[PDB]
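What follows is a single structure, written as structure tokens, with notes after it.
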Amino acid sequence: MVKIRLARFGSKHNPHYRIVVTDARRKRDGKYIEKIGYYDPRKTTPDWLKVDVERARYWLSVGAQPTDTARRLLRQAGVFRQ
Amino acid sequence: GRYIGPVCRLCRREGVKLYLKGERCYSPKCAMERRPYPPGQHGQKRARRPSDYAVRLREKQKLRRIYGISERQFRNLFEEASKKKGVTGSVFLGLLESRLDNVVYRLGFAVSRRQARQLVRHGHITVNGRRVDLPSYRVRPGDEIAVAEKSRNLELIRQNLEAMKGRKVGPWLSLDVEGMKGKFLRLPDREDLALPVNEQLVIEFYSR
Amino acid sequence: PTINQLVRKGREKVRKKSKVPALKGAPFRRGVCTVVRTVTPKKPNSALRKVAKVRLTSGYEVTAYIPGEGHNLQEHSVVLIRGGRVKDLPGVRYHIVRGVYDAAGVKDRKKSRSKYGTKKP
Amino acid sequence: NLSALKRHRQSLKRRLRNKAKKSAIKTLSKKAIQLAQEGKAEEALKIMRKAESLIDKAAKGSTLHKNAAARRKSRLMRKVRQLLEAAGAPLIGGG
Amino acid sequence: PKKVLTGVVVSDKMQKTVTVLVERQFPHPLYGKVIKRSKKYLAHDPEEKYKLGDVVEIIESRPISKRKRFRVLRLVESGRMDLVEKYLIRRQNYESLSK
RNA sequence: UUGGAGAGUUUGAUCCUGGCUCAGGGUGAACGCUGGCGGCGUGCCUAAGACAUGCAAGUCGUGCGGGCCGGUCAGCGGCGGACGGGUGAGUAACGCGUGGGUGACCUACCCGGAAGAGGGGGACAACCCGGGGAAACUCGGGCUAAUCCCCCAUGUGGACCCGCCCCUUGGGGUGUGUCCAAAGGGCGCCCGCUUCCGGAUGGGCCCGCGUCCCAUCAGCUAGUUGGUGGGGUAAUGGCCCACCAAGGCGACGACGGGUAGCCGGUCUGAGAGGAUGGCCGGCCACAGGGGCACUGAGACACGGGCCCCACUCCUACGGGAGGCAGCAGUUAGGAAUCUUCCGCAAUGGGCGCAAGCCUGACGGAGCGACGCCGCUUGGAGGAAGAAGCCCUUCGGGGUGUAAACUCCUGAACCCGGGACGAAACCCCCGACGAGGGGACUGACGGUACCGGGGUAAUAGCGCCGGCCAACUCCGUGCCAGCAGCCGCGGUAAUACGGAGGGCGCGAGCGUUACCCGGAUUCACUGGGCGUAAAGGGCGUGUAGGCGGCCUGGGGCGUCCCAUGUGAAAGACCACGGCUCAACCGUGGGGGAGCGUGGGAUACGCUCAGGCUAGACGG
Ligand code: SF4
Ligand SMILES: [Mg+2]
Ligand SMILES: [Mg+2]
Ligand SMILES: [Mg+2]
Ligand SMILES: [Mg+2]
Ligand SMILES: [Mg+2]
Ligand SMILES: [Mg+2]
Ligand SMILES: [Mg+2]
Ligand SMILES: [Mg+2]
Ligand SMILES: [Mg+2]
Ligand SMILES: [Mg+2]
Ligand SMILES: [Mg+2]
Ligand SMILES: [Mg+2]
Ligand SMILES: [Mg+2]
Ligand SMILES: [Mg+2]
Ligand SMILES: [Mg+2]
Ligand SMILES: [Mg+2]
Ligand SMILES: [Mg+2]
Ligand SMILES: [Mg+2]
Ligand SMILES: [Mg+2]
Ligand SMILES: [Mg+2]
Ligand SMILES: [Mg+2]
Ligand SMILES: [Mg+2]
Ligand SMILES: [Mg+2]
Ligand SMILES: [Mg+2]
Ligand SMILES: [Mg+2]
Ligand SMILES: [Mg+2]
Ligand SMILES: [Mg+2]
Ligand SMILES: [Mg+2]
Ligand SMILES: [Mg+2]
Ligand SMILES: [Mg+2]
Ligand SMILES: [Mg+2]
Ligand SMILES: [Mg+2]
Ligand SMILES: [Mg+2]
Ligand SMILES: [Mg+2]
Ligand SMILES: [Mg+2]
Ligand SMILES: [Mg+2]
Ligand SMILES: [Mg+2]
Ligand SMILES: [Mg+2]
Ligand SMILES: [Mg+2]
Ligand SMILES: [Mg+2]
Ligand SMILES: [Mg+2]
Ligand SMILES: [Mg+2]
Ligand SMILES: [Mg+2]
Ligand SMILES: [Mg+2]
Ligand SMILES: [Mg+2]
Ligand SMILES: [Mg+2]
Ligand SMILES: [Mg+2]
Ligand SMILES: [Mg+2]
Ligand SMILES: [Mg+2]
Ligand SMILES: [Mg+2]
Ligand SMILES: [Mg+2]
Ligand SMILES: [Mg+2]
Ligand SMILES: [Mg+2]
Ligand SMILES: [Mg+2]
Ligand SMILES: [Mg+2]
Ligand SMILES: [Mg+2]
Ligand SMILES: [Mg+2]
Ligand SMILES: [Mg+2]
Ligand SMILES: [Mg+2]
Ligand SMILES: [Mg+2]
Ligand SMILES: [Mg+2]
Ligand SMILES: [Mg+2]
Ligand SMILES: [Mg+2]
Ligand SMILES: [Mg+2]
Ligand SMILES: [Mg+2]
Ligand SMILES: [Mg+2]
Ligand SMILES: [Mg+2]
Ligand SMILES: [Mg+2]
Ligand SMILES: [Mg+2]
Ligand SMILES: [Mg+2]
Ligand SMILES: [Mg+2]
Ligand SMILES: [Mg+2]
Ligand SMILES: [Mg+2]
Ligand SMILES: [Mg+2]
Ligand SMILES: [Mg+2]
Ligand SMILES: [Mg+2]
Ligand SMILES: [Mg+2]
Ligand SMILES: [Mg+2]
Ligand SMILES: [Mg+2]
Ligand SMILES: [Mg+2]
Ligand SMILES: [Mg+2]
Ligand SMILES: [Mg+2]
Ligand SMILES: [Mg+2]
Ligand SMILES: [Mg+2]
Ligand SMILES: [Mg+2]
Ligand SMILES: [Mg+2]
Ligand SMILES: [Mg+2]
Ligand SMILES: [Mg+2]
Ligand SMILES: [Mg+2]
Ligand SMILES: [Mg+2]
Ligand SMILES: [Mg+2]
Ligand SMILES: [Mg+2]
Ligand SMILES: [Mg+2]
Ligand SMILES: [Mg+2]
Ligand SMILES: [Mg+2]
Ligand SMILES: [Mg+2]
Ligand SMILES: [Mg+2]
Ligand SMILES: [Mg+2]
Ligand SMILES: [Mg+2]
């Protein structure tokens, strides 16, 4: 099924994740349906986490299942906030 | 890494004084004031007419040996300057003048670019507080260059700043001898550098 | 030609020819010496040039020049050959590499030692 | 050395079940078409009803796809109606 | 949208099928001159209304057979035997090209 | 307007034409000499040759009955195994690219909505007993559970025939007739089950345009081309079959032969163009060589099955086992390409309510100057200038501030400290919701880094006749040898070998191979044909290419506007993180082509009406 997850970019010992929506059978660094956010786990920048809230809401509404880390990041960005 | 052999022979070959030694360059025993001909067995024979390629090569080698930079780094800097918007000769001269070792040589913390390289490499220089140990670091306008707080009580540094209390730095720089700290105001102008170099010759050399 | 003639026929590209076909696309080839001898050059040069007949791993059998003063090659010596013809010798298109397999380096060589395969003294 | 052996065993059992069901479907369809060709309309529709019920199941499972079952039913009903039209009067069911 | 082409009927020897000759122009990619090319399409003609010389429009459709993926949409004009004559003369000239 | 260099060589000398050669850049490189540190990338291009050994896909006891001592083992039953990983053999093709179509189609798990979940029956494993077999395994008798199988009922609904209506390729409604549902488990909920509609994702099929060389390959085709009926499929279709007609394709290059995975991109180039497709992302094909189907939502399935062939192994000779183009590794071939490493801590994936389990994907470490980037082998002072070596006009000149020598700093080393990457799932409250509180978890790694001590600490390679930067001595004597071209060498060689000196680069420097450039030397940009290579021996003429003046219509080419597409990465610009850089992150802009809607009509095209300067006739 469609999932909202993290695709790894960057370089060795320097991970930079993209929060993307894609089919679950695609390899993790392959082509995705669209891109909604980004994450820097090392937090080397003032803005180390961005999420498209409206697009994430849309994709959640149509049955996309986030991963644990993706769900945590979406909650930090305030996607599930009511 | 870099050239670590005899250095006055470079001046004698280029036919001009490249101040690559410091105090001895202004002394009467400067090798360009005693034997102003090229080194080797045939240095005192009448010179033949130099070809165009020879002229451009000698001008480029003079410019490169003034700053003591390898040819790979020199050419990379030249191509970078050619990519930038702005007159490529002036941009290239500014990029060369923004190297940390050259900047601390001009500020007066050293008497030669070689000594400035050893100062920067050995962890005696700080840029904006944090310590930098890389000669190739490129200083941007506004950056503060200074001697490390624990390096202020160093005899070589003390003498260097003593001998500069009278000398005045260029317009593109500011120095505080009491504060033991410099400031890089702007990119140096082409007229502010007393360089015996025609940069058009260097550009034409790299067009080949 | 007219534009219509160019549309009908076009311009023919130029096809280059290999000068080292026995190398079969490789930079070097290993071979075994069958005949070692000396040959005489064409006009105006005069010499006795040392060559070897080499049967290669690629299936061809060619003639290769032996550079440098003095050599230890003989029948059944294993050698490496590289491209490059010898101008004044007819039919010689390849050079033996000194210092590889059974071809020793040039003895007492002091200049240009990376060629001729001589170690630093 | 794996769990592929279990898959092969189960596949053989499912193959037996699917073959049995499809054979029964084919036999019933042929019987209904022949009876309609006789015409002989009363028993032809009863056999056709049996064939239709045996087509709709096991289209509930992996034996037949729904579209395949629909096509089977459509072809059978069309052939039966054509043959009975070539014959005389109709009977109950299947109309 | 479904592609619509315009052409002239050059063959109607098959049942319920017409051969339509479609022409297109394009500049040469490197030499720039505008050039003409033609292509034949087998088109479904169930009612057999269109005959030799008809200029018609055909539209991309569900496969009717092999080689038959277009349907005649409408008639554009009639009485165009000159285009057919050009095609037939070009075809006839091939007999003298052999060895 | 960011962008463009030429030289040597045909002559006694000259101009031109023209070939050859060179100076630049690049590579999955290789070979020679040399070799200190780190970061980031990258490493079988050949035999798609053959492979020892270990690992690379399992999981569920909250579906079920069991043997064994809360576990363990196997069995039945689900889901996964069609993804992920590898390779480039085949393929010149709707395979790929780009834009579209499907009233001709499928889609497990996920999400939303509607409705339902009633009753009855049964079998096969496991298991207990006999056999057969060397083994691999296999047969018979009997028992038994389920979310296993079957039947009946019910019909929110849906499937089929036949009508009817609208719509128009098989789309959507409606009427009689016929047919089709289901399963439980855990502590009132939760996880599950059945029918249908919708969404989202992922696919099948079809079409326009583009997609290499040879015409000394010119004709090809008989399921061939079309039609009718049928079979098969999720679905169109000669896909397959029976019958009827005689068609289909081709110089705009059919057919045949050779070669080749294709693209985003990459290298080169002033651009146009040329070459190329390693790594990374997308698609396709293949899994010892061939064929085939089964199961399944999905395969004709790399670590599933069957058969034939080659090969390897067991042997009681009847029979049986196997497939590294997964990760390492071996062997063969080759000029040439690595560890039988660590860990699931991160991200992703399968199963499971969960705990968790599995994951050679992946995150990391190792090896190789294979590439790029950064760094070190010291800094200052120091003789009209030691010794050695080389040259000399015998006065001297050079190596050379170079050395020695004094002062300074402090890579390696030592001691101590010490990471980020990891906050979730989990539990408590709240209502297992939203929202708050708490805890566990590090392979890399005692690594990066930080603080305090600390020694003067690798340099080599090519070249020095012209092109082309850098010259003298000795040795040899058409020999030895050098050579990219022109050419050097035959007793006074700046061209061979050595030495002193010099030039260029520098942990590298050269050489070979291949590609672009220079080559305006296939000339679209941007060449030519009297005598340099080049006008067909001459007519007539087919296809094709091109075409006079004026008026109107169309708006196909052409141009403009809006909109969709032109993925990500790469290229450009700006900002930012690693002490800089390489490298990486964020944002912005471009961009040929193609679809759609609108507009313009000068030119080309096309239709219509005129004119006589071209052409023809009297
Ligand atoms: S002393 Fe004179 S010759 Fe020597 S390096 Fe200084 S300026 Fe050059
Ligand atoms: Mg002309
Ligand atoms: Mg000679
Ligand atoms: Mg040398
Ligand atoms: Mg299982
Ligand atoms: Mg039967
Ligand atoms: Mg199925
Ligand atoms: Mg079916
Ligand atoms: Mg065409
Ligand atoms: Mg066309
Ligand atoms: Mg038809
Ligand atoms: Mg013939
Ligand atoms: Mg000559
Ligand atoms: Mg020339
Ligand atoms: Mg002549
Ligand atoms: Mg001459
Ligand atoms: Mg090497
Ligand atoms: Mg070492
Ligand atoms: Mg490394
Ligand atoms: Mg390979
Ligand atoms: Mg494992
Ligand atoms: Mg895969
Ligand atoms: Mg291939
Ligand atoms: Mg191939
Ligand atoms: Mg092939
Ligand atoms: Mg072919
Ligand atoms: Mg297409
Ligand atoms: Mg497309
Ligand atoms: Mg029973
Ligand atoms: Mg017994
Ligand atoms: Mg039994
Ligand atoms: Mg029994
Ligand atoms: Mg069931
Ligand atoms: Mg029923
Ligand atoms: Mg290509
Ligand atoms: Mg037939
Ligand atoms: Mg056929
Ligand atoms: Mg056909
Ligand atoms: Mg492209
Ligand atoms: Mg460019
Ligand atoms: Mg370009
Ligand atoms: Mg490829
Ligand atoms: Mg393929
Ligand atoms: Mg194969
Ligand atoms: Mg094999
Ligand atoms: Mg399934
Ligand atoms: Mg099936
Ligand atoms: Mg397959
Ligand atoms: Mg298989
Ligand atoms: Mg499999
Ligand atoms: Mg395998
Ligand atoms: Mg079978
Ligand atoms: Mg066999
Ligand atoms: Mg026996
Ligand atoms: Mg392997
Ligand atoms: Mg392979
Ligand atoms: Mg091998
Ligand atoms: Mg070899
Ligand atoms: Mg070998
Ligand atoms: Mg290699
Ligand atoms: Mg994991
Ligand atoms: Mg996980
Ligand atoms: Mg395992
Ligand atoms: Mg490693
Ligand atoms: Mg480097
Ligand atoms: Mg010194
Ligand atoms: Mg941490
Ligand atoms: Mg420590
Ligand atoms: Mg310290
Ligand atoms: Mg010179
Ligand atoms: Mg010579
Ligand atoms: Mg030499
Ligand atoms: Mg001599
Ligand atoms: Mg030379
Ligand atoms: Mg010499
Ligand atoms: Mg260039
Ligand atoms: Mg030229
Ligand atoms: Mg060209
Ligand atoms: Mg040119
Ligand atoms: Mg031209
Ligand atoms: Mg010419
Ligand atoms: Mg002429
Ligand atoms: Mg002329
Ligand atoms: Mg003549
Ligand atoms: Mg010519
Ligand atoms: Mg002539
Ligand atoms: Mg003539
Ligand atoms: Mg002639
Ligand atoms: Mg004549
Ligand atoms: Mg004619
Ligand atoms: Mg004529
Ligand atoms: Mg003629
Ligand atoms: Mg004509
Ligand atoms: Mg138009
Ligand atoms: Mg893009
Ligand atoms: Mg920065
Ligand atoms: Mg970006
Ligand atoms: Mg439009
Ligand atoms: Mg006109
Ligand atoms: Mg007219």
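Residue numbers begin at 1 in each chain, while the letters A, B, ... track the order of the sequences.
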- Message: Suppose we call a contact any N or O donor and acceptor under 3.5 Å apart; does that hold for the side chain of C/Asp88 and the base of F/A483?
- Response: yes

- Message: Using a 3.5 Å limit on both hydrogen-bonding distances, do F/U266 and F/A159 make a Watson-Crick or G-U wobble pair?
- Response: no

- Kindly indicate whether the side chain of C/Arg49 and the base of F/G481 share any N or O donor-acceptor pair separated by less than 3.5 Å? yes

- Closest heavy-atom contact between B/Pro39 and B/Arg12? CA-NH2, 3.5 Å

- Item | RNA chain F: 5'-proximal contact among B/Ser112 and A/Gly10 (nearest heavy atom) | B/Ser112

- Query: Can you tell me how far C1' in F/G101 sits from the matching atom in F/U1, rounded to whole Å?
  - Reply: 45 Å

- Message: Could you tell me if the side chain of C/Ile81 sits less than 4.5 Å from the side chain of C/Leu23, heavy atoms only?
- Response: yes

- Message: With a 4.0 Å limit, can you tell me whether E/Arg69 has a side-chain N or O closer than that to the phosphate oxygens OP1/OP2 of F/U236?
- Response: no

- Item | Phosphate-side-chain proximity, E/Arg24 and F/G210, N/O vs OP1/OP2 below 4.0 Å | yes

- Item | Distance, rounded to the nearest Å, where E/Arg62 contributes CZ and F/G100 contributes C1' | 19 Å

- If you measure from the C1' atom in F/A483 to the same atom in F/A493, how many Å do you get, rounded? 16 Å

- Task: Can you tell me, in whole Å, how much space there is between the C1' of F/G329 and that of F/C338?
- Result: 11 Å

- Message: Check this for me: does the side-chain of B/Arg138 come within 3.5 Å of the base of F/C580 through a donor and an acceptor?
- Response: no

- Please say whether the positively charged group of E/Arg37, taken as NZ for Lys or CZ for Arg, lies over the ring of E/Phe26, i.e. under 6.0 angstrom from the six-membered ring centre and within 45 degrees of the axis. no

- Message: Does A/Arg26 reach a base, just sugar-phosphate, or nothing at all? Heavy atoms under 4.0 Å.
- Response: sugar-phosphate

- Is the glycosidic angle of F/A613 within 90° of 0, making it syn, or outside that range, making it anti? syn

- Between F/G97 and F/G436, how far apart are the P atoms? Round to whole Å, please. 48 Å

- Query: Can you tell me if the side-chain N/O atoms of E/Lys13 get under 4.0 Å from OP1 or OP2 in F/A245?
  - Reply: no

- Presence of E/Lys40 side-chain N/O under 4.0 Å of F/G250 phosphate oxygens OP1/OP2: yes

- Locate the shortest heavy-atom distance separating B/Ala110 from B/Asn160; write the atom from each residue and the value. CA-OD1, 3.5 Å

- Message: Just to confirm a value in my table: F/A513 sugar, north or south, sign of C1'-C2'-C3'-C4'.
- Response: north

- Report which part of the nucleic acid E/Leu5 touches: base, sugar-phosphate, or nothing (heavy-atom distance under 4.0 Å, all strands). nothing

- Query: Do the ring planes of B/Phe74 and B/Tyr206 sit parallel (below 30°), tilted (30 to 60°) or perpendicular (above 60°)?
  - Reply: tilted

- Note on the structure: Here F/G88, assessed by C1'-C2'-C3'-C4' with north positive and south negative, has its sugar south

- Item | For F/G454, glycosidic torsion class - syn if within 90° of 0, otherwise anti | anti

- Query: Have F/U174 and F/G371 got a Watson-Crick or G-U wobble pairing, both distances under 3.5 Å?
  - Reply: no

- Message: Should the side chain of C/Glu69 and the base of F/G497 be counted as holding a donor-acceptor pair, with the cut-off at 3.5 Å?
- Response: no

- Watson-Crick or G-U pairing of F/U62 with F/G54, both H-bond distances under 3.5 Å: no

- Message: Counting only side-chain nitrogens and oxygens, does D/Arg14 get under 4.0 Å of the OP1 or OP2 atom of F/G78?
- Response: yes

- Message: F/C578, OP1 or OP2 - any side-chain N/O from A/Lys12 closer than 4.0 Å?
- Response: no

- Message: Rounding to an integer number of Å, can you tell me how far D/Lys73 NZ sits from F/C180 P?
- Response: 9 Å

- Query: Quick one: E/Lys68 NZ to F/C239 P, roughly how many Å, whole number?
  - Reply: 14 Å

- Do C/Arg11 and F/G527 share a donor-acceptor pair, side chain to base, under 3.5 Å? yes

- Task: Look at the side chain of B/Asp133 and the base of F/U579, then say whether one donor and one acceptor between them are separated by less than 3.5 Å.
- Result: yes

- Give a yes/no answer on whether the side chain of D/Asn67 brings an N or O atom under 4.0 Å of OP1 or OP2 in F/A235. no

- Groove assignment for D/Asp56, based on side-chain heavy atoms closer than 5.0 Å to base atoms: minor

- Item | C/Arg109 charged N/C atom sitting above C/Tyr116 aromatic ring, 6.0 Å / 45° | yes

- Please state whether the phosphate of F/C496, meaning OP1 or OP2, lies under 4.0 angstrom from any side-chain nitrogen or oxygen of C/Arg109. no

- Message: Whether E/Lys99 contacts F/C217 is assessed here as follows: a side-chain N or O lying under 4.0 Å from the phosphate OP1 or OP2. Is that the case?
- Response: no

- F/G282 phosphate, OP1 or OP2, under 4.0 Å from A/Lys27 side-chain N/O: yes

- F/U34 versus F/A574 - spacing of their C1' atoms, nearest Å: 45 Å

- Donor-acceptor side-chain pairing of B/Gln118 and B/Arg121 below 3.5 angstrom: no

- Residue whose nearest RNA chain F nucleotide is more 5′ - A/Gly63 or A/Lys31: A/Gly63

- Can you check whether any acceptor in the base of F/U347 is under 3.5 Å from a donor in the side chain of A/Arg28, or vice versa? yes

- Hey, is the side chain of C/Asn4 poking within less than 4.0 Å of OP1 or OP2 on F/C546, counting only N and O atoms? no

- Message: Regarding F/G58, can its base be found pairing with the side chain of D/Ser3 as donor and acceptor, where the two atoms are less than 3.5 Å apart?
- Response: yes

- Note on the structure: Residues B/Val120 and B/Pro135: closest non-hydrogen pair is CG1-N, 3.7 Å

- Query: According to a strict under-4.0 Å criterion, is B/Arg58 in side-chain N/O contact with OP1 or OP2 of F/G504?
  - Reply: yes

- Just checking C/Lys111: base, sugar-phosphate only, or nothing, at a heavy-atom cut-off of under 4.0 Å? base

- Message: Would you say A/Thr69 places a side-chain N or O within less than 4.0 Å of OP1 or OP2 belonging to F/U347?
- Response: yes

- Message: Looking at F/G597, which nucleotide sits across from it as a Watson-Crick or G-U wobble partner, both distances under 3.5 angstrom, or is there none?
- Response: F/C561

- Query: Judged by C1'-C2'-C3'-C4' (positive north, negative south), is the sugar of F/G185 north or south?
  - Reply: north

- Message: Using a 4.0 Å heavy-atom cut-off, does B/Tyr37 contact any base of the nucleic acid, only the sugar-phosphate backbone, or nothing at all?
- Response: sugar-phosphate

- Pucker class of F/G454, where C1'-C2'-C3'-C4' positive means north and negative means south: north

- Message: Can you tell whether F/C432 is stacked with F/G433, judging only by whether their six-membered base rings have centres under 5.5 Å apart and planes under 30 degrees?
- Response: no

- Task: For F/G32, take OP1 and OP2 only and decide whether either is under 4.0 Å from a side-chain N or O of C/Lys119.
- Result: no

- Item | Base F/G385 paired with B/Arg34 side chain (donor-acceptor, <3.5 Å) | yes

